[PDB]
Amino acid sequence: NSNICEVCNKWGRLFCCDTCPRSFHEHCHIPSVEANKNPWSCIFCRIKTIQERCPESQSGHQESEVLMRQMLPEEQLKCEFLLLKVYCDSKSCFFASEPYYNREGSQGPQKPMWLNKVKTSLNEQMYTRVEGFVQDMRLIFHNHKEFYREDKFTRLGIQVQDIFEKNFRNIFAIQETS
Ligand SMILES: [Zn+2]
Ligand SMILES: [Zn+2]
Ligand SMILES: [Zn+2]
Numbered sequence: 121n122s123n124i125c126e127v128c129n130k131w132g133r134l135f136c137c138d139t140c141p142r143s144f145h146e147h148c149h150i151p152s153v154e155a156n157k158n159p160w161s162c163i164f165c166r167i168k169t170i171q172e173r174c175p176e177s178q179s180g181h182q183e184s185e186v187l188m189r190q191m192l193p194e195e196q197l198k199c200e201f202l203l204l205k206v207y208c209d210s211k212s213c214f215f216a217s218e219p220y221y222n223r224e225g226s227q228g229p230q231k232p233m234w235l236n237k238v239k240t241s242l243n244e245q246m247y248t249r250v251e252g253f254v255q256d257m258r259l260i261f262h263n264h265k266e267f268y269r270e271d272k273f274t275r276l277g278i279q280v281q282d283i284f285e286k287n288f289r290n291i292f293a294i295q296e297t298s
């Protein structure tokens with residue numbers, strides 16, 4: 121197994137996947153690494169299993185259809201993985217914890233959002249459809265763009281949103297387009 125966490129790329133107290141060489145800190149994995157379970161399979165392995173059991177699940181889909189899906193176990197897992205893929209980028213640090221807004225010439229967003237809040241929301245099964253999760257994720261970056269205006273810091277939002285959007289298209293097998 122790897123000797124660094126797959127998400128944050130640091131050593132420490134790591135849990136090792138039994139079906140692939142990845143390792144995780146307890147609260148870096150999403151959901152948090154389970155108490156017992158020997159063997160244990162990580163979320164990357166669990167996602168690959170879904171695909172393997174239903175090869176047709178990788179044919180293209182319309183975003184509009186994906187968003188209206190109910191958060192049954194498999195969609196819950198896909199949203200967990202997509203959230204994890206965002207945390208995998210080191211630039212997610214800017215969006216993890218609760219922000220605050222005091223900048224000359226800007227007003228804070230009406231509805232603040234951050235990755236740890238989305239994490240909690242998923243953990244507490246507060247989303248009923250994929251749309252719920254995707255709207256909150258997109259809101260994070262949209263709030264950032266709006267608040268930072270012409271400061272070049274706005275680009276961190278563009279960057280992290282691109283990681284989100286690419287992973288969304290991949291994980292939910294959105295139909296490729298020009
Ligand atoms: Zn970690
Ligand atoms: Zn694994
Ligand atoms: Zn089948």
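According to this note's numbering, the sequence shown is numbered sequentially starting from 121.
Every residue, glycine too, gets a C-beta built ideally from N, C-alpha and C.
| Check | Outcome |
| --- | --- |
| Would you decide whether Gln281 is buried or exposed? Buried here means 16 or more other CB atoms lie within 10 Å of its CB. | buried |
| In its own chain, which residues sit with a C-beta less than 7 Å from the C-beta of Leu134, not counting the 5 before and 5 after it? | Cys125, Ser143, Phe144 and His145 |
| For ligand 3, is there any heavy atom lying closer than 7 Å to the beta carbon of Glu195? | no |
| When the Cα atoms are used, what is the spatial distance from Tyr247 to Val238? | 10 Å |
| One question on the structure: do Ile260 and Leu235 come within less than 8 Å of each other, judged by their Cβ atoms? | yes |
| Using a Cβ-Cβ cutoff of less than 6 Å, which residues in the same chain neighbour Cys208 once the five nearest sequence positions on both sides are dropped? | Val127 |
| Among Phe164, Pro232 and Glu285, which has the Cα closest to the Cα of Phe267? | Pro232 |
| Rounded to a whole number of angstroms, what is the C-alpha to C-alpha distance between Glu200 and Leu187? | 15 Å |
| For ligand 1, any of its heavy atoms closer than 7 Å to the Cβ of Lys130? | yes |
| Of all the options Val254, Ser226 and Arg249, which has the alpha carbon lying nearest to the alpha carbon of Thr274? | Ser226 |
| Determine the DSSP secondary structure at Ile163, reduced to helix, strand or coil. | helix |
| What number of angstroms, rounded off, separates the C-alpha of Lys211 from the C-alpha of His264? | 13 Å |
| When a residue counts only if its C-beta is closer than 6 Å to some heavy atom of ligand 2, which residues count, in chain order? | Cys137, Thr139, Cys140, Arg142, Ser161, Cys162, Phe164 and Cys165 |
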